[PDB]
Each structure stands twice: as C-alpha cells, then as structure tokens.
Amino acid sequence: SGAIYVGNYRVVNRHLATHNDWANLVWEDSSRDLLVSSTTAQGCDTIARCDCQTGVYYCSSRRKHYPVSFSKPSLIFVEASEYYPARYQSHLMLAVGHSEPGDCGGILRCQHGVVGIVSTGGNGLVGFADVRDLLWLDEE
Ligand SMILES: C[C@@H](Cc1cocn1)NC(=O)c1nn(C)c2ccccc12
Ligand SMILES: [Zn+2]
C-alpha cells in the first residue's frame, strides 16, 4: 500500500483505490495503473521534473529503502495478476530489486523529488508507474 500526497491530490495505484477515492475522482488510467483523488488537507510530497534513471524506493516487505537504477518510462507487457489480465502497461520503469504484491504504492524518488510508485514485480524485478509527466499535479 502507499500514496503520493502532493497539493490537494492523492496518487494511488488504481487497483488499490478505495470507494472514497472513486467518489472524489480527479483522473484515472487503467493502462498506467494510476488513479488520483482530491484531498481536504494539503500534502508534503513534491514531484520530480527530470529524466533521472537512478533513485531510491521503499520496499514494505523488507521495511527498507533501496537504491536502484531504472529504465525510462515505456510500454511493457506485464503478466496477469488478480487485478489485471496479462496486458501492456504504459509509462512503466523497471529495476532490479525485491518486491511482493503488497509493496505496490511504495515511493520511488530521486534528487528532484517523487518519481513514481511501485506497480509490478517478481523474480528480482520491481516496476514503477511514472508520474513525472503529470504536470498538472503541481497546480489547481
Ligand atoms: C498487484 C498487481 C498489480 C498489477 C499491475 O499490472 C498487473 N497487475 N501487481 C503485482 O501482481 C505485483 N506487484 N509487485 C510489486 C509484485 C511483486 C511480485 C509478484 C507480483 C507483483
Ligand atoms: Zn530526478
């Protein structure tokens, strides 16, 4: 589990969105595994605006933050899970790192701020849904 709290937005994995998220919906995209809802309180996270390929992510199944090198956001075929059939996921970045299904929502960050959240994984890989292109998260 986990979310990004920037401005009056909450960014979560679409597959982990709650009824309150759907009832306060700002934007969602199944191909990216992302959903954004509105919040009453202002958040403290800031979004990175860059093309870094090194950063650190939080792994709840180890209670640890790990440094990683990761690929650029791309269209990748992801195997089936209980939340989606096997399909192409867009804006996804891969790295070598430990992960388990409940690690989704952990933040990946670089020197500039938050880069994205854990979305996919297995066999020593972890995949992150990028948010750096969502410029509107910084205003309104
Ligand atoms: C919960 C789904 C969401 C999903 C996105 O694309 C399709 N399904 N993801 C997973 O199944 C999953 N995520 N991580 C971090 C893993 C690590 C090891 C094994 C499985 C996974
Ligand atoms: Zn950066």
# chains A, B, ... in the order shown; residues from 1 in each chain; ligands from 1
call {"tool": "select_by_dssp", "arguments": {"residues": "chain A", "states": "strand (DSSP E)", "output": "PyMOL selection string"}}
result
chain A and resi 4-13+25-29+34-44+54-59+64-69+74-78+87-96+107-110+113-122+125-130
call {"tool": "residues_near_ligand", "arguments": {"ligand": "ligand 2", "cutoff": "10 Å", "atoms": "only C-alpha atoms and all ligand atoms", "output": "short mmCIF file (atom, residue, chain, number, x, y, z; two decimals) with N, CA, C and O atoms, in the first residue's frame"}}
result
data_model
loop_
_atom_site.label_atom_id
_atom_site.label_comp_id
_atom_site.auth_asym_id
_atom_site.auth_seq_id
_atom_site.Cartn_x
_atom_site.Cartn_y
_atom_site.Cartn_z
N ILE A 47 6.81 16.56 -6.69
CA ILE A 47 7.08 15.72 -7.85
C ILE A 47 8.35 16.10 -8.57
O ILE A 47 8.59 17.29 -8.86
N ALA A 48 9.19 15.13 -8.88
CA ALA A 48 10.40 15.34 -9.68
C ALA A 48 10.03 15.69 -11.14
O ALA A 48 9.08 15.13 -11.73
N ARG A 49 10.79 16.64 -11.73
CA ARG A 49 10.59 17.04 -13.13
C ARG A 49 11.96 16.91 -13.79
O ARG A 49 12.74 17.85 -13.77
N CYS A 50 12.24 15.70 -14.36
CA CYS A 50 13.59 15.28 -14.78
C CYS A 50 13.54 13.96 -15.59
O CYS A 50 12.51 13.32 -15.77
N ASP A 51 14.76 13.48 -16.05
CA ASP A 51 14.89 12.20 -16.73
C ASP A 51 15.89 11.34 -15.96
O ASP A 51 16.55 10.50 -16.58
N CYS A 52 15.98 11.47 -14.60
CA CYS A 52 16.83 10.57 -13.77
C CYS A 52 16.50 9.12 -14.06
O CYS A 52 15.32 8.76 -14.26
N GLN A 53 17.52 8.30 -13.99
CA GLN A 53 17.41 6.85 -14.06
C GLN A 53 18.07 6.20 -12.86
O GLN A 53 18.31 5.01 -12.92
N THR A 54 18.37 6.96 -11.79
CA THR A 54 18.80 6.41 -10.53
C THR A 54 17.98 7.06 -9.40
O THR A 54 17.62 8.24 -9.50
N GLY A 55 17.68 6.29 -8.39
CA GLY A 55 16.86 6.78 -7.28
C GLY A 55 16.79 5.76 -6.18
O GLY A 55 17.62 4.85 -6.11
N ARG A 109 11.97 7.74 -5.50
CA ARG A 109 12.33 9.18 -5.50
C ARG A 109 13.75 9.35 -5.98
O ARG A 109 14.60 8.46 -5.85
N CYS A 110 14.03 10.54 -6.50
CA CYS A 110 15.38 10.90 -6.98
C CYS A 110 15.75 12.18 -6.30
O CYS A 110 15.05 12.68 -5.40
N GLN A 111 16.93 12.74 -6.71
CA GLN A 111 17.36 14.00 -6.14
C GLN A 111 16.34 15.16 -6.32
O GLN A 111 16.36 16.09 -5.52
N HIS A 112 15.44 15.09 -7.29
CA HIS A 112 14.48 16.18 -7.59
C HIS A 112 13.12 16.05 -6.89
O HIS A 112 12.28 16.95 -6.96
N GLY A 113 12.81 14.85 -6.34
CA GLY A 113 11.51 14.63 -5.72
C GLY A 113 10.97 13.23 -6.05
O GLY A 113 11.73 12.32 -6.40
N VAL A 114 9.62 13.08 -5.92
CA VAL A 114 8.98 11.78 -6.20
C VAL A 114 8.92 11.51 -7.69
O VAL A 114 8.45 12.36 -8.46
N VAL A 115 9.29 10.30 -8.08
CA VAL A 115 9.35 9.88 -9.47
C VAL A 115 8.12 9.02 -9.82
O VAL A 115 7.58 9.10 -10.93
N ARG A 132 6.16 11.66 -13.49
CA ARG A 132 6.87 12.90 -13.79
C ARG A 132 6.27 13.67 -14.96
O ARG A 132 6.51 14.91 -15.07
#
call {"tool": "closest_residue", "arguments": {"among": "A:46, A:20, A:8, A:89", "to": "residue 116 of chain A", "atoms": "only C-alpha atoms"}}
result
A:46
call {"tool": "residues_near_ligand", "arguments": {"ligand": "ligand 1", "cutoff": "10 Å", "atoms": "only C-alpha atoms and all ligand atoms", "output": "number ranges by chain"}}
result
A: 1, 13-16, 30-34, 59, 61, 76-89, 92, 97-106, 117-129
call {"tool": "residues_around", "arguments": {"residues": "residue 37 of chain A", "least_positions_apart": "5", "cutoff": "12 Å", "atoms": "only C-alpha atoms", "output": "count of residues only"}}
result
25
call {"tool": "select_by_dssp", "arguments": {"residues": "chain A", "states": "alpha helix (DSSP H)", "output": "ChimeraX atom specification"}}
result
/A:19-23
call {"tool": "residues_around", "arguments": {"residues": "residue 91 of chain A", "least_positions_apart": "6", "cutoff": "6 Å", "atoms": "only C-alpha atoms", "output": "ChimeraX atom specification"}}
result
/A:73-74,130
call {"tool": "write_last_selection", "arguments": {"atoms": "N, CA, C and O atoms", "output": "compact mmCIF listing (two decimals), in the first residue's frame"}}
result
# COMPACT_ATOMS: atom_id res chain seq x y z
N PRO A 73 10.51 5.44 -18.78
CA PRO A 73 9.11 5.01 -18.89
C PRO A 73 8.78 4.46 -20.27
O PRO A 73 9.09 5.10 -21.28
N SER A 74 8.21 3.26 -20.29
CA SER A 74 7.97 2.57 -21.57
C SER A 74 6.68 1.73 -21.50
O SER A 74 6.07 1.54 -20.45
N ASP A 130 5.45 5.73 -13.54
CA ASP A 130 5.99 7.09 -13.56
C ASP A 130 4.86 8.11 -13.36
O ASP A 130 3.75 7.90 -13.87
call {"tool": "closest_residue", "arguments": {"among": "A:40, A:94, A:134, A:140", "to": "residue 75 of chain A", "atoms": "only C-alpha atoms"}}
result
A:94
call {"tool": "closest_residue", "arguments": {"among": "A:41, A:2, A:93, A:35", "to": "residue 60 of chain A", "atoms": "only C-alpha atoms"}}
result
A:2
call {"tool": "atom_distance", "arguments": {"atom1": "atom CA of residue 107 of chain A", "atom2": "atom CA of residue 139 of chain A"}}
result
20.6 Å
